[PDB]
Every structure is written in structure tokens, then in C-alpha cells.
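Remarks on the structure that follows.
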Amino acid sequence: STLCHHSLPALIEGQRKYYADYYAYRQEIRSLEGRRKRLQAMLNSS
Amino acid sequence: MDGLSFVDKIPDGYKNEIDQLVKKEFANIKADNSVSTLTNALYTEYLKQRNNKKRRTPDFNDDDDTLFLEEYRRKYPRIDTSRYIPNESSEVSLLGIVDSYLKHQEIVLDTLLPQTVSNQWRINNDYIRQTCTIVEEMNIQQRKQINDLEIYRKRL
Amino acid sequence: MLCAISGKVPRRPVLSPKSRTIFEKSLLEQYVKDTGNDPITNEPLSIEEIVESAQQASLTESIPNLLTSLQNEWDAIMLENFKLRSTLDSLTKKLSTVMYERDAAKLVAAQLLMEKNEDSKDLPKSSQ
Amino acid sequence: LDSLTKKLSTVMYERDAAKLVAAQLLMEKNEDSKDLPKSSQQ
């Protein structure tokens with residue numbers, strides 16, 4: 001009954017761990033997608 | 001809530017360090033009749049009620065109440081010889097058949113031990129596959145993060 | 001092979017049809033007269049709903065059944081249940097120490113979830 | 001007795017499971033401290 005209870009609580013906490021890491025990956029992707037535009041605008045002034 | 005067990009390969013010093021954090025939070029938050037009365041009192045005192053051992057004590061050339069005692073010894077010996085005569089007629093056979101009953105009862109307990117052992121392994125086996133998949137999702141998330149931290153400094 | 005109320009080895013075992021669990025007759029008849037329901041599953045059960053050999057080799061030294069055997073039975077009944085009341089009081093104290101340290105650990109994670117993500121967010125703001 | 005022993009067992013296993021959450025979370029919080037301080041210095 002321990003590992004039956006340990007399976008049920010951990011399987012719901014795994015999705016909350018990943019989706020927290022998923023939304024954190026989307027915010028870091030926005031900083032990468034924006035910083036390249038400022039370097040892309042360097043050759044426009046040239 | 002999500003703590004990986006099979007994945008995390010967690011020292012005993014981390015158990016002591018985390019327990020101090022828990023302990024610091026712990027400091028902050030800070031039907032029977034009269035037979036039950038006799039049984040609870042006898043067990044709390046640890047003393048047992050005395051039985052009558054007078055039948056072993058009896059002696060010859062004594063008074064009329066002890067004449068009742070020696071005749072009580074005669075009725076007990078006739079009953080004891082009758083009880084011993086039944087056991088002799090039965091033979092070991094009667095002790096043999098009750099032993100066969102005990103082996104059948106004992107085997108049923110061992111099967112319940114395998115059934116619980118098979119099921120607890122299955123719950124662990126399902127958990128082990130989930131931990132390995134949760135490992136790769138966390139490892140890919142960490143690799144993407146270390147790329148972004150390096151790239152943002154490189155662009156600036 | 002055993003009774004599911006006392007932990008006996010029954011002499012006249014009876015089984016209930018609402019939940020199949022083998023009970024000794026006197027113990028199951030006592031329960032249905034007290035509260036007319038199955039003790040295990042709490043389902044409706046009556047005396048007519050119930051559906052109806054063991055050898056114990058008496059010892060060679062069988063006075064002792066009056067004196068020595070009968071005192072040991074009511075000693076072992078008395079000491080065990082008192083030790084069992086001592087067992088039930090200690091776990092309810094250990095239940096309280098379990099939930100308080102559990103709620104203590106919940107406040108750690110609630111405190112540290114605000115610490116970690118804002119520390120990571122300040123690393124993302126540091127680049128700008 | 002056995003019904004609260006299930007409550008005792010499920011709590012103590014989950015308490016040490018939730019205890020491992022803190023050991024992971026404290027080490028990540030510590031890494032974000034030294035990362036930012038060495039960066040904000042330079």
C-alpha cells in the first residue's frame with residue numbers, strides 16, 4: 001500500500017514539475033529570439 | 001512533491017541538511033462490563049489472581065475439611081487416569097493429524113507472502129520507468145537552459 | 001481457515017453472502033444482533049443470510065486445566081490488550097509528529113518555490 | 001491500529017520524499033546565487 005500510494009502522488013507531481021520547466025523554457029526562448037535581432041540590426045547600419 | 005528516488009543517485013549529509021530546515025520550521029509552528037476494569041487493573045499492577053493449589057497441599061491425619069480434600073484427590077486421580085486412558089487409545093495418530101493441519105495452514109501464509117511481493121515489485125517497476133522519463137525531460141531542460149545563458153551573454 | 005473477527009481457528013465456521021469472509025458462528029451472530037450489518041464491508045446482513053473438523057491434541061499432563069492453563073489464558077488476554085492499548089496511544093502521538101513535520105516541509109517548499117524561480121528570473125533579467 | 005499504521009507509513013514515506021524536494025531545491029537556489037554574483041560583479 002506504500003508503493004501504491006507512492007505511485008499515485010508522484011505521477012501527479014511529475015506533470016507539475018515538467019510544466020513548470022516547460023514554461024521556464026518558453027521564457028528563455030524569448031530572450032534568445034530577441035537578442036539575435038539586435039545583432040541582426042548591426043549589419044543594417046553597415 | 002516531486003522527488004525522484006530511483007533517478008537521484010542524494011547523500012546522507014543532504015538528509016541531515018534538509019532535516020535541519022524541517023526542524024527549524026517545526027520550532028516555529030510548535031466498551032465492556034466490569035471484566036474490563038479487572039483486566040486493566042491486573043495488567044497495570046502486573047499481578048495475577050491466585051489459583052487454588054490446596055489439592056497439592058493436603059496431608060494425612062487432618063480434620064474434616066481436609067477429609068474433603070483427600071477425597072477430592074481421589075476423584076481427581078480417577079479423572080486423570082480416565083483422561084490418560086483416552087490419549088493412549090487415540091495413540092500419536094491424533095497428534096499426527098493435527099500436525100498435518102498445521103502444515104496446510106503454514107503454506108497458505110507463504111503464498112500470501114509471494115502475492116504481496118509480486119505486487120510491490122510491480123508498483124516499483126511502474127515507478128522506475130516514470131523516473132527515467134522524468135530524468136530525460138529534466139536533463140533536456142537543463143541543457144536548453146545552459147545554451148540560453150551562454151547565448152545571451154554572447155549576443156550582448 | 002481462521003476467523004475474521006477474533007483470530008480464532010473456528011469450530012463451526014459460517015460464511016456471509018454479501019462479503020465472503022469466513023467467521024466463527026458465535027462471533028458473527030453476536031455482531032448481527034448488536035448492529036445488523038457485515039463487520040468488514042458495512043453492508044446489510046442478517047442471521048438467516050449466513051451460510052453454514054479441527055483436532056487439538058490435549059497435553060499428556062492434562063488440576064492443570066483448572067489451575068495452570070486457565071490462569072495463563074487470562075494472563076495472556078490481560079497483558080496483550082493492555083500492551084495493545086499502549087500500542088494505540090503511541091501511534092496517535094506519532095501520527096501527530098508525522099503531520100506536523102509534513103506541514104513543516106510544505107512551508108519549506110512553498111517558501112523555496114518563490115525563492116528559486118525569482119532567482120532564475122533575475123538571471124534572465126541580468127542579460128538585459 | 002492497522003488503519004493509522006497505514007496513515008503513519010504513508011506520511012513518513014512522503015515526508016522523506018518531500019524532504020528530498022528541499023535538498024534538490026536548496027542546491028539549485030545556491031547555484032543561482034553564485035551565478036548572479038559573479039556576473040553582476042563583472
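The way I read the labels, and the way they are meant: chains A, B, ... in the order of the C-alpha cells, residue 1 as the first residue of every chain, and ligand 1 as the first ligand shown, with later ones counted on from there.
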TODO: as a count of residues only, please: all residues of chain B that backbone DSSP puts in helix (DSSP H, G or I).
DONE: 120
TODO: At a cut-off of 12 Å, list the chain B residues touching chain A, using only C-alpha atoms, as an MDAnalysis selection string.
DONE: chainID B and resid 1:5 116:117 119:156
Open item on the list: Between B:41, B:69, B:22, B:107, which residue has the minimum interatomic distance to chain C, considering only C-alpha atoms?
Closed with: B:22
So which residues touch residue 15 of chain C within 9 Å, counting only C-alpha atoms, skipping near sequence neighbours fewer than 5 positions away, as a PDB file with N, CA and C atoms, in the first residue's frame?
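Wrote it out as part.pdb, contents follow:
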```
ATOM      1  N   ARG C  20     -17.760 -12.413   1.133  1.00  0.00           N
ATOM      2  CA  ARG C  20     -17.334 -13.755   1.504  1.00  0.00           C
ATOM      3  C   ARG C  20     -16.126 -13.689   2.426  1.00  0.00           C
ATOM      4  N   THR C  21     -16.381 -13.729   3.729  1.00  0.00           N
ATOM      5  CA  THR C  21     -15.324 -13.777   4.729  1.00  0.00           C
ATOM      6  C   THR C  21     -15.776 -14.747   5.804  1.00  0.00           C
ATOM      7  N   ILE C  22     -14.929 -15.721   6.104  1.00  0.00           N
ATOM      8  CA  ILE C  22     -15.295 -16.843   6.956  1.00  0.00           C
ATOM      9  C   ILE C  22     -15.180 -16.399   8.407  1.00  0.00           C
ATOM     10  N   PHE C  23     -16.274 -16.524   9.149  1.00  0.00           N
ATOM     11  CA  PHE C  23     -16.316 -16.143  10.549  1.00  0.00           C
ATOM     12  C   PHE C  23     -16.776 -17.326  11.389  1.00  0.00           C
ATOM     13  N   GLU C  24     -16.397 -17.299  12.661  1.00  0.00           N
ATOM     14  CA  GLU C  24     -16.923 -18.249  13.629  1.00  0.00           C
ATOM     15  C   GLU C  24     -18.355 -17.852  13.958  1.00  0.00           C
ATOM     16  N   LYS C  25     -19.203 -18.859  14.202  1.00  0.00           N
ATOM     17  CA  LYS C  25     -20.650 -18.651  14.255  1.00  0.00           C
ATOM     18  C   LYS C  25     -21.071 -17.757  15.418  1.00  0.00           C
ATOM     19  N   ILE C  50     -26.579 -15.769   6.657  1.00  0.00           N
ATOM     20  CA  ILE C  50     -25.353 -16.545   6.813  1.00  0.00           C
ATOM     21  C   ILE C  50     -25.542 -17.952   6.252  1.00  0.00           C
ATOM     22  N   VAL C  51     -24.437 -18.548   5.810  1.00  0.00           N
ATOM     23  CA  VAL C  51     -24.421 -19.889   5.236  1.00  0.00           C
ATOM     24  C   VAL C  51     -23.414 -20.723   6.016  1.00  0.00           C
ATOM     25  N   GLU C  52     -23.895 -21.780   6.665  1.00  0.00           N
ATOM     26  CA  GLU C  52     -23.037 -22.669   7.441  1.00  0.00           C
ATOM     27  C   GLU C  52     -22.213 -23.577   6.542  1.00  0.00           C
TER      28      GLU C  52
END
```
Task: Check: which chain B residues lie within 6 Å of chain C using only C-alpha atoms, as a PyMOL selection string - done: chain B and resi 22+25-26+39+43+51+95+98
Write the residues you've just listed into a file as a CSV table (one decimal), in the first residue's frame, and include C-alpha atoms for each of them.
```
chain,number,residue,atom,x,y,z
B,22,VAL,CA,12.3,20.9,8.6
B,25,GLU,CA,10.0,25.1,10.7
B,26,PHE,CA,8.9,22.7,13.4
B,39,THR,CA,-8.3,-6.9,33.3
B,43,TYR,CA,-2.3,-5.8,33.8
B,51,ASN,CA,-5.4,-20.1,41.9
B,95,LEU,CA,-1.1,-35.7,17.4
B,98,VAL,CA,-3.2,-32.1,13.9
```
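Straight-line separation from atom CA of residue 8 of chain C to atom CA of residue 41 of chain C: 19.8 Å.
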- [ ] Using only C-alpha atoms, select each residue of chain D with any atom at most 6 Å away from an atom of chain C, and give the selection as a PyMOL selection string.
- [x] chain D and resi 1+8+15+29+32
Output N, CA and C atoms for every residue in that selection, as a compact mmCIF listing (two decimals), in the first residue's frame.
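Written file, out.txt:
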```txt
# COMPACT_ATOMS: atom_id res chain seq x y z
N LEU D 1 -5.66 0.05 14.92
CA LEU D 1 -4.20 0.01 14.94
C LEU D 1 -3.63 0.01 13.53
N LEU D 8 0.44 6.30 9.28
CA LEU D 8 1.81 6.54 9.74
C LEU D 8 2.81 6.24 8.63
N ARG D 15 7.02 12.12 3.78
CA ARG D 15 7.79 13.17 4.45
C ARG D 15 9.24 13.14 3.99
N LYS D 29 18.90 26.78 -5.73
CA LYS D 29 18.87 28.16 -5.24
C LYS D 29 20.28 28.67 -4.96
N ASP D 32 22.08 29.57 -8.28
CA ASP D 32 21.63 30.84 -8.85
C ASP D 32 22.20 32.03 -8.08
```
All residues 8 Å or closer to residue 46 of chain C, only C-alpha atoms, same chain fewer than 5 positions away omitted, as an mmCIF file with C-alpha atoms, in the first residue's frame:
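In the end it all went to result.cif:
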```cif
data_model
loop_
_atom_site.group_PDB
_atom_site.id
_atom_site.type_symbol
_atom_site.label_atom_id
_atom_site.label_comp_id
_atom_site.auth_asym_id
_atom_site.auth_seq_id
_atom_site.Cartn_x
_atom_site.Cartn_y
_atom_site.Cartn_z
ATOM 1 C CA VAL C 32 -25.644 -9.021 13.732
ATOM 2 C CA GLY C 36 -27.348 -5.679 11.832
ATOM 3 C CA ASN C 37 -24.562 -5.355 9.279
#
```
- [ ] Find the distance between atom CA of residue 96 of chain B and atom CA of residue 11 of chain C and write it in Å to one decimal.
- [x] 19.0 Å
Open item on the list: Need to verify the contact set: residue 23 of chain D, 10 Å, only C-alpha atoms, exclusion of same-chain residues closer than 2 positions in sequence. Can you return it as a list in words?
Closed with: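 The filter keeps residues 3, 10, 11, 13, 14, 15, 16, 17, 18, 19 and 21 of chain B; 18, 19, 20, 21, 25, 26, 27 and 28 of chain D.
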Could you save the residues just selected, with N, CA, C and O atoms, as a PDB file, in the first residue's frame?
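Saved the output as result00.pdb:
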```pdb
ATOM      1  N   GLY B   3       9.810  14.328  -5.933  1.00  0.00           N
ATOM      2  CA  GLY B   3      11.169  13.982  -5.576  1.00  0.00           C
ATOM      3  C   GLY B   3      11.559  12.653  -6.184  1.00  0.00           C
ATOM      4  O   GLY B   3      10.985  11.614  -5.847  1.00  0.00           O
ATOM      5  N   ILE B  10      21.839  11.964  -3.872  1.00  0.00           N
ATOM      6  CA  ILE B  10      21.337  12.267  -2.538  1.00  0.00           C
ATOM      7  C   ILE B  10      22.232  11.634  -1.477  1.00  0.00           C
ATOM      8  O   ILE B  10      22.169  10.427  -1.240  1.00  0.00           O
ATOM      9  N   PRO B  11      23.062  12.455  -0.838  1.00  0.00           N
ATOM     10  CA  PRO B  11      23.953  11.933   0.207  1.00  0.00           C
ATOM     11  C   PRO B  11      23.291  12.001   1.574  1.00  0.00           C
ATOM     12  O   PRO B  11      22.240  12.634   1.720  1.00  0.00           O
ATOM     13  N   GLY B  13      24.487  13.540   4.090  1.00  0.00           N
ATOM     14  CA  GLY B  13      24.623  14.918   4.537  1.00  0.00           C
ATOM     15  C   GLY B  13      23.493  15.807   4.053  1.00  0.00           C
ATOM     16  O   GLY B  13      23.112  16.766   4.730  1.00  0.00           O
ATOM     17  N   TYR B  14      22.954  15.512   2.866  1.00  0.00           N
ATOM     18  CA  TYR B  14      21.784  16.237   2.383  1.00  0.00           C
ATOM     19  C   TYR B  14      20.539  15.893   3.190  1.00  0.00           C
ATOM     20  O   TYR B  14      19.645  16.737   3.334  1.00  0.00           O
ATOM     21  N   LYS B  15      20.459  14.666   3.713  1.00  0.00           N
ATOM     22  CA  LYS B  15      19.354  14.308   4.596  1.00  0.00           C
ATOM     23  C   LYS B  15      19.444  15.061   5.918  1.00  0.00           C
ATOM     24  O   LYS B  15      18.420  15.488   6.463  1.00  0.00           O
ATOM     25  N   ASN B  16      20.660  15.232   6.444  1.00  0.00           N
ATOM     26  CA  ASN B  16      20.846  15.996   7.675  1.00  0.00           C
ATOM     27  C   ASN B  16      20.617  17.486   7.444  1.00  0.00           C
ATOM     28  O   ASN B  16      20.107  18.187   8.326  1.00  0.00           O
ATOM     29  N   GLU B  17      21.013  17.990   6.271  1.00  0.00           N
ATOM     30  CA  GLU B  17      20.833  19.406   5.961  1.00  0.00           C
ATOM     31  C   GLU B  17      19.361  19.749   5.767  1.00  0.00           C
ATOM     32  O   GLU B  17      18.897  20.814   6.189  1.00  0.00           O
ATOM     33  N   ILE B  18      18.613  18.864   5.106  1.00  0.00           N
ATOM     34  CA  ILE B  18      17.195  19.121   4.875  1.00  0.00           C
ATOM     35  C   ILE B  18      16.391  18.946   6.160  1.00  0.00           C
ATOM     36  O   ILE B  18      15.371  19.618   6.360  1.00  0.00           O
ATOM     37  N   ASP B  19      16.820  18.030   7.038  1.00  0.00           N
ATOM     38  CA  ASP B  19      16.111  17.806   8.298  1.00  0.00           C
ATOM     39  C   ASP B  19      16.223  19.010   9.226  1.00  0.00           C
ATOM     40  O   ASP B  19      15.296  19.297   9.992  1.00  0.00           O
ATOM     41  N   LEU B  21      16.346  22.092   8.175  1.00  0.00           N
ATOM     42  CA  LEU B  21      15.375  23.039   7.630  1.00  0.00           C
ATOM     43  C   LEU B  21      13.956  22.684   8.057  1.00  0.00           C
ATOM     44  O   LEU B  21      13.134  23.571   8.311  1.00  0.00           O
TER      45      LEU B  21
ATOM     46  N   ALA D  18       9.137  14.300   0.363  1.00  0.00           N
ATOM     47  CA  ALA D  18       9.103  15.758   0.335  1.00  0.00           C
ATOM     48  C   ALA D  18      10.369  16.367   0.925  1.00  0.00           C
ATOM     49  O   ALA D  18      10.689  17.524   0.632  1.00  0.00           O
ATOM     50  N   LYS D  19      11.084  15.621   1.776  1.00  0.00           N
ATOM     51  CA  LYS D  19      12.361  16.104   2.301  1.00  0.00           C
ATOM     52  C   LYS D  19      13.416  16.162   1.205  1.00  0.00           C
ATOM     53  O   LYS D  19      14.282  17.044   1.212  1.00  0.00           O
ATOM     54  N   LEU D  20      13.362  15.224   0.254  1.00  0.00           N
ATOM     55  CA  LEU D  20      14.285  15.237  -0.875  1.00  0.00           C
ATOM     56  C   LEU D  20      13.996  16.367  -1.852  1.00  0.00           C
ATOM     57  O   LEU D  20      14.877  16.719  -2.645  1.00  0.00           O
ATOM     58  N   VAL D  21      12.777  16.916  -1.834  1.00  0.00           N
ATOM     59  CA  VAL D  21      12.466  18.083  -2.654  1.00  0.00           C
ATOM     60  C   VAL D  21      13.282  19.285  -2.191  1.00  0.00           C
ATOM     61  O   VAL D  21      13.811  20.045  -3.010  1.00  0.00           O
ATOM     62  N   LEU D  25      16.004  21.541  -4.093  1.00  0.00           N
ATOM     63  CA  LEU D  25      15.659  22.951  -4.280  1.00  0.00           C
ATOM     64  C   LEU D  25      16.679  23.890  -3.638  1.00  0.00           C
ATOM     65  O   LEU D  25      16.921  24.987  -4.156  1.00  0.00           O
ATOM     66  N   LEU D  26      17.265  23.499  -2.499  1.00  0.00           N
ATOM     67  CA  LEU D  26      18.272  24.358  -1.872  1.00  0.00           C
ATOM     68  C   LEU D  26      19.556  24.427  -2.692  1.00  0.00           C
ATOM     69  O   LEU D  26      20.209  25.475  -2.732  1.00  0.00           O
ATOM     70  N   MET D  27      19.937  23.331  -3.353  1.00  0.00           N
ATOM     71  CA  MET D  27      21.169  23.351  -4.138  1.00  0.00           C
ATOM     72  C   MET D  27      21.013  24.153  -5.424  1.00  0.00           C
ATOM     73  O   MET D  27      21.974  24.785  -5.873  1.00  0.00           O
ATOM     74  N   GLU D  28      19.819  24.162  -6.012  1.00  0.00           N
ATOM     75  CA  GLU D  28      19.588  24.966  -7.207  1.00  0.00           C
ATOM     76  C   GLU D  28      19.518  26.451  -6.869  1.00  0.00           C
ATOM     77  O   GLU D  28      19.995  27.289  -7.644  1.00  0.00           O
TER      78      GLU D  28
END
```
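Atom to atom, atom CA of residue 111 of chain C and atom CA of residue 31 of chain D stand 17.1 Å apart.
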